[PDB]
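Survey of secondary and tertiary structure
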Amino acid sequence: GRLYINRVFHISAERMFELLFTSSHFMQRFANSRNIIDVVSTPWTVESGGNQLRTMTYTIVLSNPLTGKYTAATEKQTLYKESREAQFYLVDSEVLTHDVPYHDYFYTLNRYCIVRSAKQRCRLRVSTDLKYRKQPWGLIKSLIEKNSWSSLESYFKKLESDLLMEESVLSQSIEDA
Ligand SMILES: CC(C)CCCC[C@](C)(O)[C@H]1CC[C@H]2[C@@H]3CC=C4C[C@@H](O)CC[C@]4(C)[C@H]3CC[C@@]21C
């Protein structure tokens with residue numbers, strides 16, 4: 001679909017994963033700045049396949065005249081079995097909206113890839129794709145496209161800006177010790 005973040009940070013692959021995929025204060029501050037409230041999540045849970053599973057719910061406060069003031073959302077995060085601690089993290093995040101128009105007809109798939117670059121460095125790669133169900137006809141999908149890609153771009157750029165500010169204070173704190 002679209003590649004929104006491709007960057008090497010001066011944060012370890014371990015710390016980057018715990019920043020993004022645990023109930024970190026970093027994520028709480030970032031979600032608030034994006035008007036995402038009432039974040040509820042699970043711990044990472046193992047299943048028979050070997051992959052790990054984490055699910056979240058939250059409410060997105062919307063600025064769209066075509067939508068209501070709020071929409072419920074559900075996120076299912078899949079950490080693939082191929083991941084190795086502090087070395088390689090590959091998460092597939094599927095996001096469902098529940099109160100926007102045509103919410104039954106599409107969802108979003110975000111793939112997060114964290115690979116350790118050096119000793120305290122990592123490369124984060126986030127790609128985004130829209131998925132469709134029930135075969136939305138004609139005008140429905142073009143409306144979905146024009147009301148998603150720009151909001152997803154705005155979302156992940158603010159995350160990259162916050163990760164860079166995090167990199168600047170965390171790498172300094174580690175280096176100074
Ligand atoms: C047809 C037309 C009336 C639809 C308009 C309303 C749709 C929204 C509001 O335009 C949706 C579409 C994609 C939705 C985003 C998809 C993925 C994520 C990543 C996750 O971490 C945090 C929530 C977030 C940013 C979702 C936010 C809500 C988005 C942006």
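Residues numbered from 1 in each chain as written, not as in the entry; some residues may be left out. Heavy atoms only, no water. Residues with missing side-chain atoms left out of burial classes, pairs and counts.

Per the PDB entry, the chain is named Protein Aster-C, and its organism is Mus musculus. In the PDB, the structure is listed with the title "Structure of mouse AsterC (GramD1c) with a new cholesterol-derived compound".

1. Let's talk about the overall build of the chain
Where we set the bar: A run of H or I in DSSP counts as a helix once it spans at least four residues, and a run of E counts as a strand once it spans at least two, with each numbered from the N terminus. The quantity called the radius of gyration is restricted to C-alpha atoms. Its globule counterpart is 2.2 Å times the number of residues to the power 0.38. Whether two residues touch is decided by their heavy atoms; if any such pair falls within 4.5 Å, the residues are in contact.
Along its length, the chain carries four helices and eight strands. Taken from the N to the C terminus, the helices and strands of the chain come in the order β-α-α-β-β-β-β-β-β-β-α-α. The C-alpha radius of gyration computed for the chain amounts to 17 Å, which stays within 12% of the reference 16 Å derived for 177 residues, consistent with globular compactness. With the principal axes as the frame, the chain shows a C-alpha extent of 55 × 35 × 30 Å. Relative to all contacts within the chain whose residues are 6 or more apart in sequence, the contacts with residues 24 or more apart total 54%.

2. Notes on the packing of helix 1 (residues 13-21) against helix 4 (residues 149-176)
What counts, and what does not: The angle between two axes is taken between their N-to-C directions and runs from 0 to 180 degrees, where each axis is a line fitted to C-alpha atoms and a helix contributes only its stretch in contact. Note that the term roughly parallel is reserved for angles under 35 degrees, roughly antiparallel for angles over 145, roughly perpendicular for angles of 65 to 115, and oblique for everything else. Rotating anticlockwise by less than a right angle from the far helix to the near helix defines a left-handed crossing, while the corresponding clockwise rotation defines a right-handed one.
Contact geometry for helix 1 and helix 4: axes closest at 12 Å, N-to-C directions at 135°. Put simply, helix 1 runs oblique to helix 4. You can see that helix 1 and helix 4 cross each other, and the crossing is right-handed. Mapping the contact onto sequence places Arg15, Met16, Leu19 and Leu20 in helix 1 and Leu159, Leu163, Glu166, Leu170 and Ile174 in helix 4.

3. Some words on the site of the ligand
Operational definition: It suffices for a single heavy atom of a residue to lie within 4 Å of a molecule or strand for the residue to be listed as near it. Pairing of N or O atoms within 3.5 Å defines a polar contact, subject to two protein rules: one partner must be a possible hydrogen donor and the other a possible acceptor, and residues neighboring in sequence count only if both atoms are side-chain atoms. The accessible surface values rely on the Shrake-Rupley method and a 1.4 Å probe; as for residues, cover is taken only from the protein chains in view. The classification used treats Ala, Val, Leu, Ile, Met, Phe, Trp, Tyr, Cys and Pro as nonpolar, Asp, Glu, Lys and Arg as charged, and all other residues, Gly among them, as polar.
Around the ligand sit 18 residues in total, of which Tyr58, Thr108, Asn110, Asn147 and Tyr155 are the nearest. For the ligand, an oxygen atom lies 2.3 Å from a polar atom in the backbone of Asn147. For the ligand, the accessible surface in isolation is 640 Å², of which the surrounding protein chains cover 95%. Listing elements by their share of the shell around the ligand, those giving two or more residues are strand 4 (52-61), strand 7 (106-116) and helix 4. Taken together, the residues of the shell around the ligand sort by class into eleven nonpolar, six polar and one charged.

4. Considerations on a nonpolar patch on the surface
Short version of the rule: The patches reported here contain residues having more than 30% relative accessible area and no salt bridge. Joining distances are 9 Å for like charges and 5 Å for nonpolar side chains (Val, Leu, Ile, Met, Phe, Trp, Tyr). Between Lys or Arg on one side and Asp or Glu on the other, a salt bridge is scored when a side-chain nitrogen of the former is within 4 Å of a carboxyl oxygen of the latter.
Nonpolar side chains collect at one region of the surface, where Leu66, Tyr102 and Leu143 lie side by side and expose about 270 Å² of accessible area between them. Note on placement: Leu143 falls in helix 3 (residues 139-146).

5. Quick look at helix 1
Which entries qualify depends on this criterion: When a residue's accessible area, from a 1.4 Å probe over protein chains only, is under 20% of the maximum for its type it is buried; when over 50% it is exposed; and in between it is partly exposed. What the arc describes is the spread of directions from the helix axis to the C-beta atoms.
Buried within helix 1 are the following residues: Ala13, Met16, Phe17, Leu19, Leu20 and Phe21. When helix 1 is viewed along its axis, its buried side chains cluster within an angular range of 160° and face the same direction.

6. What to know about the pairing of strand 5 (residues 70-79)
Where we set the bar: Here a strand pair is declared whenever DSSP counts at least two bridges between the two strands.
The sheet contact formed by strand 4 and strand 5 spans ten bridges and is antiparallel. By the bridge assignment, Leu53 is partnered in strand 5 with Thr78. Looking at chain direction, strand 5 and strand 6 (residues 88-97) are connected through seven bridges and run antiparallel. The partner of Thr78 across the bridge, within strand 6, is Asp92.

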